[PDB]
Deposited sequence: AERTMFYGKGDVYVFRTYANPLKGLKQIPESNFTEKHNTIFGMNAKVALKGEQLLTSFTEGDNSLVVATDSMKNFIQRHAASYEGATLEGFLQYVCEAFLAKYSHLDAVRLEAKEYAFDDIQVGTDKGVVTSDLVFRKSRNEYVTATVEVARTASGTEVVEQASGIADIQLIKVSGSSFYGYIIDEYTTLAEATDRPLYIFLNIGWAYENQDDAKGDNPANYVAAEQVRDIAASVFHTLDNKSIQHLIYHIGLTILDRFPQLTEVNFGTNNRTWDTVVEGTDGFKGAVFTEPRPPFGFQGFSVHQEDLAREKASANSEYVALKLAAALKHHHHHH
C-alpha cells in the first residue's frame, strides 16, 4: 500500500559494438531493416522494491541496502556482457540479474531513454559514403523502454513492459483548418505542426527481446509509419490523425495488442497570409498554450474498421 522504492537515475551507459539488430519485417512505410548498434547507448534509471527495505526508512538500517553507486556499476557491467540487440531485452536482462543477485528484493524496475546517434555522409576517395567511424549525436526523436520484473512463488515474471518512441516533431505544409467544434461564450489555413510520443505493447512479451527479429517492432518503423500516414491522410484533427496512425501500426504488427499516443499541437500563428496558398506566407510562434491528446488504439478497433462499410481506413498495399 505504501509507496516504497529507491535507486539511481541518470545512469549513462554507452556500449560499443553490441550485436546488430537484423532481419526485421519489411513494410511499405519504411526502409528500416537493421540497426547496426555500433553505439548502443542509453540513460537508465533503476528502482529496487521490496518489503524488506522498510527499516532502511523507519530505522535507518542500511544492512539490506544495495548502494545506489553499486547499482550503477551493476548496470554498466551488464551492458558489457549483454549479447542481445534490443533495449527491451537488455532491460529485462538487467532486471533479472538484480533479482538473482539479491534475494531480499521483490521487484526491479528499469526505465531507459536511448542516447541516440545518427549515421552521417562523409567524403572519401571513393566518393561520399556513410561513415563507420563518425556519428552525430541526435537531439531529435528517441527510443524508450520500461521493464519491471517481480519475483513469484515459482520464479520471476515481467509485471510491466513498455516500448516507445519519444519527441517526434513533424510539420505538414498543407492547408489545415479544423472546424465543427462547439461554439459558445468561451469561443475566441496553417501548417499543422505536431509533437508525438508513441508507445506499444506486445501480445507475447518475449517478442521484445529480439530473439526472433521478424517479431520485433522497431521504433524506427513506427516513426516511419507515423510520418507516412501524416503525409498521406487528409486529417480532420490530431485526434483523427492518431487513430489512423494507430490502426496502421496495428495492421503492420498484428503481434501488438495496443498502440498509444501523447501529442502536442504546436501550430504557428499566421502573420502574413499567403497570396496563393502558402506561397508568400509568413508565420511565427504562438502564445505558450498547447493542445494535447492522449489515446490508445487496440486490435479490436482495427477489426472493426476492416469490417465496416463506412470505414475510411486505408493502408498501402
| property | result |
| --- | --- |
| Unmodelled intervals of the deposited chain, in order | 1, 190-194, 324-335 |
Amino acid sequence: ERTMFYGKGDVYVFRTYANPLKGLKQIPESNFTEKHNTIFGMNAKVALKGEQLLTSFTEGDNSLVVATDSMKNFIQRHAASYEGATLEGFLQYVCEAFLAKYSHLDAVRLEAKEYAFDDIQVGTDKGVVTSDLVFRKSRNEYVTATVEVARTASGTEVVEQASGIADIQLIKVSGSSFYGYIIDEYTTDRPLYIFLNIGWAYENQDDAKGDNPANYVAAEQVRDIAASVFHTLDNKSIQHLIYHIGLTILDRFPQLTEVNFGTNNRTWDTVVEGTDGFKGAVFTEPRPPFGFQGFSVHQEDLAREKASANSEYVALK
From here on, numbers count along this sequence of modelled residues.
| query | finding |
| --- | --- |
| Comparing 259-267 with 26-34, the one whose average Cα B-factor in the PDB entry is higher | 26-34 |
| Comparing 122-130 with 163-171, the one whose average Cα B-factor in the PDB entry is higher | 122-130 |
| Criterion, highest CA B-factor; candidates, 155, 246, 89, 199 | 155 |
| Selection from 74, 230, 178, 216 [criterion: highest C-alpha temperature factor in the record] | 178 |
| Third of chain Cα B-factors occupied by residue 46 | lowest |
| Record-listed C-alpha B factor of residue 106: chain third | highest |
| Residue 66 CA temperature factor, ranked by third within the chain | middle |
| Record-listed C-alpha B factor of residue 81: chain third | highest |
| Chain third (lowest, middle, highest) by recorded CA B-factor, residue given as residue 291 | lowest |
